[PDB]
Participant: 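Got a structure for you, questions after.
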Amino acid sequence: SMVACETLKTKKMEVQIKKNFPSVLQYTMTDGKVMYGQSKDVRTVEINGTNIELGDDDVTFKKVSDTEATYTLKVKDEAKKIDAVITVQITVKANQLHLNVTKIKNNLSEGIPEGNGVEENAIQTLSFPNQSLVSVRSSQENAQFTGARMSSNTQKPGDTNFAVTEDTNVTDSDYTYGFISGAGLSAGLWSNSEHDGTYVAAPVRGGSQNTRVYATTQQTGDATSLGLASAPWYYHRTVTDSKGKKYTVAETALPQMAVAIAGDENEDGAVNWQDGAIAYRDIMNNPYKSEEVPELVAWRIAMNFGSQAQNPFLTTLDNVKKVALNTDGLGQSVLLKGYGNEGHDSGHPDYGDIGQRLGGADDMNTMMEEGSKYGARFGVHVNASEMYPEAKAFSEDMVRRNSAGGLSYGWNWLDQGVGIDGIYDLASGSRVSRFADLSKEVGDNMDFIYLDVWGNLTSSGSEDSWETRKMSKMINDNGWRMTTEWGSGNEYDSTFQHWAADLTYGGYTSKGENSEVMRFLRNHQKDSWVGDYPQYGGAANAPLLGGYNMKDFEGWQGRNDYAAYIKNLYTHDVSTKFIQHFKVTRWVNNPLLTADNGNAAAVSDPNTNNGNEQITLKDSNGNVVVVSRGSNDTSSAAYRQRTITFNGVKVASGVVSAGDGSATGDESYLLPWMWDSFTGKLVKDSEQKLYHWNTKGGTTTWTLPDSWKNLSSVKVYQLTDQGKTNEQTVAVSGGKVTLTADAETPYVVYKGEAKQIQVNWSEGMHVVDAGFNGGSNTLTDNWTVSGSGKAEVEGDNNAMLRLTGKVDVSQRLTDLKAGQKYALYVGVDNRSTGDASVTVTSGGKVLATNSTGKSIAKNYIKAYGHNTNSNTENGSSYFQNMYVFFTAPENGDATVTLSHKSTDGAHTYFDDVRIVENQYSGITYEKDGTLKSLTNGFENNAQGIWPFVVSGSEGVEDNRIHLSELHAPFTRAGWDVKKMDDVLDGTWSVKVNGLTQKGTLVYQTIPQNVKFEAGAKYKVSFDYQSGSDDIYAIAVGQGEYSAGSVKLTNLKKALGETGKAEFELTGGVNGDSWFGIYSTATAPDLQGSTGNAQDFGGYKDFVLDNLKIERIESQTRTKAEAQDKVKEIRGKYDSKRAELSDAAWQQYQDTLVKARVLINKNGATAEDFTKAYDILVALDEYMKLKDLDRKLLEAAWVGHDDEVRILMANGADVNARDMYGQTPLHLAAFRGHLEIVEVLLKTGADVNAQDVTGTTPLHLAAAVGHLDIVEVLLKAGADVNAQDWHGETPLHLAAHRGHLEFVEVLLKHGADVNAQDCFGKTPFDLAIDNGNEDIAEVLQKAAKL
Amino acid sequence: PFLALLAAX
Ligand SMILES: [Cl-]
Ligand SMILES: [Cl-]
Ligand SMILES: [Cl-]
Ligand SMILES: [Cl-]
Ligand SMILES: [Cl-]
Ligand SMILES: [Mn+2]
Ligand SMILES: [Mn+2]
Ligand SMILES: [Mn+2]
Ligand SMILES: [Mn+2]
């Protein structure tokens, strides 16, 4: 009763606690070993930064039971506005002691006012300064401290390991993890503190700096004592948003902390942090759903972007089944980047808006439910730092503003991103409500959230551990596992970092957690470490535990290599995931830790693995894994040699292939995979299997695991995209097996015969095997082939249907809703002149059909599986979607047929048959099935910008062209600095963002989308908005786009008010006519706008809506008029054969021969004669414009100045190119024509026009000697550092030829004096080799200025 | 003519 201490007891220990404060005196374990707590009278409580010392009258004590005691603390300071009652609970269980603040009463406050209003006198922070919950002393045997801080740098360890001596002097030294050891015992301190502090290396905030342990020294008699305390906790924190508005937000959780007292837990004869770390796992926080991390063998990204629907949800399900077959059903983790709105970096932050063009919530749920049966987990990429006007969440309160009241702008790509006010988004309840929108759609089907960019200070200048803890909680609360971008981010709750798992990003300073303490504790719970990437060195030179190496094949960054993806899983990820099924128990001889980098007391042993690195791991069933390094010397070949043993038996040996792709290795393995792909439980003894991989290929012998020792044979299968193949029966002798393996080819070994994994291709897709993933077999089992020709499944990467000759491939459609409208589109690449068709039939009769001739438009969709960098045939891909529209019949009998009509040897490629509900009905036909009219308001587009297809103005790219969406007033002209409307009519339009001065086609129609019949006339009209005069133009062409062979009509400015465009088109003789939008060489008028206003303004954009194409009546002609028009055309051009190209003459002869076929056919009608006449009239207007083009190149070479001005007014192209790609400006600079050049530049000449050799007019002006031209060109916008085909800049050419006045003008205008050509020479070196010492000294003084 | 190599001596 009068004793000032009490005793709490477990079967493992007894603890003495003080009655006057929640303090521990000492811990005595059953074996009599003692660990101190706080031996001194320290009674400090910190509230809001103020230390208050408690007296006897301020604390009441109550012993609840032998395992619990409650304290009531009166914490008061009148001057500092503090009057609180803190209730503290101390509990014990086994070797653990917990200290929890169970109640905080504020006498100076009524609470947080509604809507997170400011709470006056709020208790914001709380801590117990120098509480010393556990402590060690310099007088104890082997007294030491081990701490961990965050390091994303592969060369800089995050740990510290040192002896606790009399000289040890620390005060609130903060660590993420801290362990003390001494006198046979070890202990770590766990706290849920959101404090941010000291770190070794991290490129971002976002919870990277969470340090929860405070170490402090004090004198305890003759010895120095190092004690561990929790870092401060946040309770009711007051925060400010970007508008200066203040809020008080409640605690993420009440304050909690604990210790777990360990002895020699790993039984190695030493007591250090590793023993304390094993015990620490019993009290530490565990990220939500981290128990599934070892199962996630196949990580990857499935991408969608810019309305294209490159990867609809039911195609992602098929790719899951493809990877399930190739890995024998190992678990997967698919990150849906672009799951929402129009795709990746569209619709942020509308989390609940699942992409309608991908199949919406219904298809996403089917994909997730069915995918889970194959062990596949799904998660979505979200953004809580940047938003777009189109997002319904976009509001003025959501907008982040700067100290001046302006928008805090983000990235402009498809649309202009605007930063989100992170503090408003949290304190208002907005973010949590958008996550709830998503929760309603996905239910409990979705596994994880991938939070992009969090920590890069885009949402606020803070994004601390308190904000990240609250962010992870609202995510975890919906049943979602937390994953994020940056390698160092979110130490507390993230189970994956993209910049840790994808080792190619960021470089050696910006990777995953480089800590032995952190990886020892949590390797099995996260893919947030450093894997093999030797060029980074240090932690990245063959880590013994491996580390996730992530690749992709579904469009992310153009990644499409399926074979490289599978090869990579087996090279690094199968062994990394195997190692994660065990927990580290011992880790000695770490070469990265030395006395120089603060780790003098790091855990060593010369009796283990020759004093070289070794790690021991164990599971809860006592299975032991030992991973050993061949040598600790990085100059030895054995540094990268690793052996893995499972229960004393070698299961892996050798050097892995460098994770950076730089060197193949020699590693082989025979890994026992004992777990299912769901919760990771042990599969039944007979279902147990081994994975075999041999890097170089060859024959290796292995000892099978114990439970296989009595088998007399095993079954070995080669794994392919079709599953288990080439079954071999291999004999077992003395429990050993010999395996012959091809290089980098996976095999799976079973005890007996194994069945194939059951795969029903394309579930929910209305057709079986829509993506041609079923091998050659699919053309017998699923699709029916008929005809004299040939049908085959071709392509080693993304398999396709390839047709040759006359053949039909058909399949019955299932699960259609009778009477509903459907669109059916299929990707087609036709290399034959004969038609390739898609047809839907019902009971023998055709409901819908469409055809394409030879494909004329290459595919430039980076995230798409068949873009022109993927080699469909001949190093190119012309894949474009071909549509048919039909109403599902009441009979329920519908069949799709893909066919090649012609009997020639050329190929037709088809892939991805997609049947989707669609309400589009804008196409009207004539009786002959030809086009009567096509209208499109873009309100019912199944995907992409149909009837247009994206062109090559940016190469294979995540094209800055997409379907723009309405969200007034934010998307309309007038909001902020925005001058253009995103949408013209309805909710959707086609938008081009900032593609000015490309001098090429932006997008175009193609014959399979809209077919223009030879000779027929069409009226084309549309509504548009264009940011400047003449930046974009209407282009009309025939066949594959070629510069010079298209008709251009510049479009006038329509900025904020919708313009109307209309023109006529006569179809070319080959049925391949098209129209589109072209980016000219004309500079936009930015109207004095600066910075982000240049992009957000709309000055460089182009919006198109309400497209209307209609066949019009042309004036009727007789056969006589048609024939007379032939004589008239032949009279104008037959003589000009010499004046024409050998291909221009063939195009003229082609048209003429074809028009004569119309006139002279037996039974020709007035329609044929009118078509023949209209074709010749179009041929006339073409040959006439081509003549004015070569007459302009003739008048710019010889310098007839007045001919040049009249020719451009008559129609001649200012950018006419000769056979060497030379424009009239290239001829007016090489010949010196000042007046010609200026008028040309005003007209719209490309100042940076490159010829066949990349030579610009500025290159020619500098290489000849015209200073008048140089000043004009530089004023117009000539690129002073433009490089030709040999890397030569104009400065290189001026110095090489001998032009002193030129080198000075170029240098003044910004010429890079240290620019290297292809032979490494700079402009200075070119002067020395030619005898221009006077030029050389001018460039030498410029280089060192 | 092709001006690329004319420019170069
Ligand atoms: Cl070496
Ligand atoms: Cl090697
Ligand atoms: Cl072709
Ligand atoms: Cl459509
Ligand atoms: Cl070269
Ligand atoms: Mn030990
Ligand atoms: Mn395919
Ligand atoms: Mn519209
Ligand atoms: Mn948009």
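Excluded from the calculations below are hydrogen atoms, water molecules and symmetry mates; all remaining heavy atoms, backbone and side chain alike, are included. Throughout, protein chains are lettered first and strands after them, A, B, ... in sequence-line order, and every chain is numbered starting at 1. We count ligands from 1, going down the list as the structure has it; atoms in each ligand are counted the same way.
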Participant: Give a yes/no answer: is there an N/O/S atom of A:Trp988 under 2.8 Å from the Mn ion (ligand 8)?
Facilitator: yes
Participant: Fit a plane to each ring of A:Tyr1024 and A:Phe1022, take the angle between them on a 0 to 90° scale, and name the class: parallel (under 30°), tilted (30 to 60°) or perpendicular (over 60°).
Facilitator: perpendicular
Participant: Give a yes-or-no answer on whether the side chains of A:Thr1058 and A:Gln1025 include a donor-acceptor pair shorter than 3.5 Å.
Facilitator: yes
Participant: Any N/O/S atom of A:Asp911 sitting less than 2.8 Å from the Mn ion (ligand 7), backbone or side chain?
Facilitator: yes
Participant: Nearest to the Mn ion (ligand 8), which N, O or S atom of A:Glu939 do we find?
Facilitator: OE2
Participant: Looking at the Mn ion (ligand 6), is one of the N, O or S atoms of A:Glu265 less than 2.8 Å from it?
Facilitator: no
Participant: Report yes or no: does A:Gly937 have an N/O/S atom closer than 2.8 Å to the Mn ion (ligand 8)?
Facilitator: yes
Participant: Determine which of the N, O or S atoms in A:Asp268 is closest to the Mn ion (ligand 6) and give its atom name.
Facilitator: OD1
Participant: Would A:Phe948 and A:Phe1075 count as a ring pair (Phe, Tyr, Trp, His ring centres under 6.0 Å) if you check the C-alpha gap in whole Å, the side-chain angles of each, and the deciding distance to 0.1 Å?
Facilitator: CA-CA 9 Å; A:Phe948 307 111; A:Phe1075 74 94; 5.6 Å; yes
Participant: Measure from the Mn ion (ligand 8) to every N/O/S atom of A:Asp985 and report the name of the nearest one.
Facilitator: O
Participant: Any side-chain heavy-atom pair from A:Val259 and A:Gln96 closer than 4.5 angstrom?
Facilitator: no
Participant: For A:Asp911, run the side-chain contact (heavy atoms from CB on, under 4.5 Å) check against A:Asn798, A:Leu801, A:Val826 and tell me which one passes.
Facilitator: A:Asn798
Participant: Please determine whether A:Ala270 has a backbone or side-chain N, O or S atom lying under 2.8 Å from the Mn ion (ligand 6).
Facilitator: yes
